[PDB]
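The chain below stands alone and is given as structure tokens, in the form deposited in one PDB entry.
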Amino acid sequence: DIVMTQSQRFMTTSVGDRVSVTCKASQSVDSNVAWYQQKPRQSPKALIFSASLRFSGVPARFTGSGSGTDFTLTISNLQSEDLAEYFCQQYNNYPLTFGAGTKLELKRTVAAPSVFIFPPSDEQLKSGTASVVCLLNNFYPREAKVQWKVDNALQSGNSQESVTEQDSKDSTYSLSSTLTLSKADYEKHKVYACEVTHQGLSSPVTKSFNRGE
């Protein structure tokens, strides 16, 4: 099978800039390459075929190039509506295969997260499990680290996180982390802390509560 490799999963860019997304095939696929745009909660839209030709309706600022193994989608004068994921496909042989995609995000100024911790509710504890939630709100860039400490002891393996897509209005991200414990374990500790490190913070920020207070 032919593997289509997109060398960067993520690219930061700005309105008005030129952006180039690359795609490399594991063996030659002549000019039988297509490009697609896809936004969150939408299906793909076709942009380019035969490596350099536009589908009808596609704006002229999208161009494509390459033949053999190395392909490029170039967006000139990037527009805000062009913020999306972009992925290639080869149709030179079977099976048809797709690149994994390159997602564009919009540069903005650094913004430190606003951090909040939430103890488990009394209702939940009746279930036998406790969830502790830490929210990091409206920060940029997307990179952030959240550590859980229970009675000051760093936790590992018992948390999961989830991150929103970049906000279309203010270009920030938000992130939740959930620590899962049994109720019996929850009740055996005093201090629950979420410790956050991010480029916008000169030192880590800790939010904490003592169980029961």
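Throughout, rigid core stands for the largest set of C-alpha atoms superposing within 1.5 Å between the two forms. Numbering starts at 1 and runs along the sequence shown.
Keep in mind the form deposited in another entry is missing from the figure; the text below concerns it.
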Superposing on the rigid core, I want to see if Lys107 changes position between this form and the one not shown - specifically a Cα shift of 2 Å or more. no
Using the core for the fit, does the CA position of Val205 change by 2 Å or more between this form and the one not shown? yes
By the 2 angstroms cut-off, has the C-alpha of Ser127 moved between this form and the one not shown once the rigid core is superposed? yes
